[PDB]
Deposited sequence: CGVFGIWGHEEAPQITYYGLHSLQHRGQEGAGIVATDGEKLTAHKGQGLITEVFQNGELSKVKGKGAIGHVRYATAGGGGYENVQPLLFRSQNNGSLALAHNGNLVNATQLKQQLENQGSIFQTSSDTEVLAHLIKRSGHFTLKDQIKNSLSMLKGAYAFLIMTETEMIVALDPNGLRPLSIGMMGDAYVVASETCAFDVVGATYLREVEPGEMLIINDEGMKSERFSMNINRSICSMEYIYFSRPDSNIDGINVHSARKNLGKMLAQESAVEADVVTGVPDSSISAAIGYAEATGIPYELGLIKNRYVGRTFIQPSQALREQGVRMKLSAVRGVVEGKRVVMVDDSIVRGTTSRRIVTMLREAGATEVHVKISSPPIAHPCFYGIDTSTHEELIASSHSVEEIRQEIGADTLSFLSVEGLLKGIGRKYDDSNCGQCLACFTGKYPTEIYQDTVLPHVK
């Protein structure tokens, strides 16, 4: 999921459309914008892409000087964010979340026992309920208080008629950054949103920090003095857009260095290096460049394989009909190929890619993954978690190489990964979460905790 907010701009909702658009890759299962003129909050949101949602429901209707918007990844319209709430006497509150609350089950029951009704399936709503059923005089304080009860990953955009309030979990598991458009303030899951809308980078939101932005500026305030830096590794490996800089480190560049690292760890002798569009192009470029083997487009992703697309019958696929990707035998025929991918999860893609490549007449396929094996669940986002079984969880690397049918299989080591990304922080893992590789989670996982999809 991706979130974008901006405060202090005539066309805040348009900017949000564009910002949110640049984050559209974060998920395409819904989208929404809520905007404020100072008096009223306007809002349109729906399922599907941002474009399926607007000009299928007018962007003109939503008007304001501040807005927050959310792009939802999904595994019901009630769940499409931002969530907006109105009240008789106390005005309005819109909220948008990226992450996952690892104690949400707990809190829902407590809040339900206190008499809260839940209408969505979102964590964002839980935050809404804590805020309401909170003692403090001010919202700033209701929020600070509520935040400190949440466990897990969360980047939160919240706004009312008069302010925008931004908060990041004290591990800073998800990225969140701040930018300037003149005097406007902009806040986005990824920096690419800034590039796209004309915003200048300012800095990251600090884990455990909270920003209150309004017509007289921005103020920062802690809500968790002790912080334990562990940003999601997959943001770097896979999930963010390559033009984004996570913490000033560019995602393309990082992923390319992950390729150089792979080349230094497990070089093999070969004729062409291909990436997989679009997950592992930057790794592949980096790998080829390190080894001296030429980078080729040995695999093509069909640009138009949306949800509209009719799946070939399984019998057709046996026949050889491709769906999303195919191997270019124009390029690989008679070559021995290094196929670089960002990661392996189920293993199903790499097996398929190895098979197509051989069916295009590659003589060797050497699969090289720019991540350590993925053997543990994620609990910090629906986007990053999965219900699918993990191959790395039960198969050794060699057991895996046999399953995908590669000639060789190589994963980046953890040091390689950490070294490749080049993150500066002082501890044995550079302020990154590595839970899904190592099994060592940066927050406690309770026994009532459900997997993000399980909601």
| property | result |
| --- | --- |
| Deposited-sequence ranges lacking C-alpha coordinates, in sequence order | 76-79 |
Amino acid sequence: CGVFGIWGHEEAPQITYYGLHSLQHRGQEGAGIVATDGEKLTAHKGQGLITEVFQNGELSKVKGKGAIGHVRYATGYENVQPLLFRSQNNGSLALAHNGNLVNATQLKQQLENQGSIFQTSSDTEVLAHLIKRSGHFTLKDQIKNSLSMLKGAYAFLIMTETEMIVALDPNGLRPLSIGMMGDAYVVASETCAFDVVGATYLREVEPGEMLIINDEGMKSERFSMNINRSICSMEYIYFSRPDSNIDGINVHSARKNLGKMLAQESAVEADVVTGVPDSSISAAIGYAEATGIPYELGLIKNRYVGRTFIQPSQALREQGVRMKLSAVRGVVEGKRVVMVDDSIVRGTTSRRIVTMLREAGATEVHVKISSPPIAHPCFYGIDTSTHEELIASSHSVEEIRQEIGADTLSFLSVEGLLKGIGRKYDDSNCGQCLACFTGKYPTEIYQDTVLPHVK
From here on, numbers count along this sequence of modelled residues.
{"property": "Entry-level comparison of average CA B-factors, 418-426 and 26-34, reporting the higher stretch", "result": "418-426"}
{"property": "Between 77-85 and 111-119 (mean CA B-factor, as deposited), the higher", "result": "111-119"}
{"property": "Candidate set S240, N228, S146, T124 [ranked by C-alpha B-factor, highest]", "result": "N228"}
{"property": "Among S177, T291, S385, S282 - the residue whose C-alpha B-factor is largest in the record", "result": "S385"}
{"property": "For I15, the third of its chain into which the C-alpha B factor falls", "result": "lowest"}
{"property": "Third assignment of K40 from its chain's C-alpha B-factors", "result": "highest"}
{"property": "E296 by Cα B-factor - lowest, middle or highest third of the modelled chain", "result": "lowest"}
{"property": "Lowest, middle or highest third - CA B-factor, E190", "result": "lowest"}
{"property": "Relative C-alpha B-factor of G46, binned into the chain's lowest, middle or highest third", "result": "middle"}
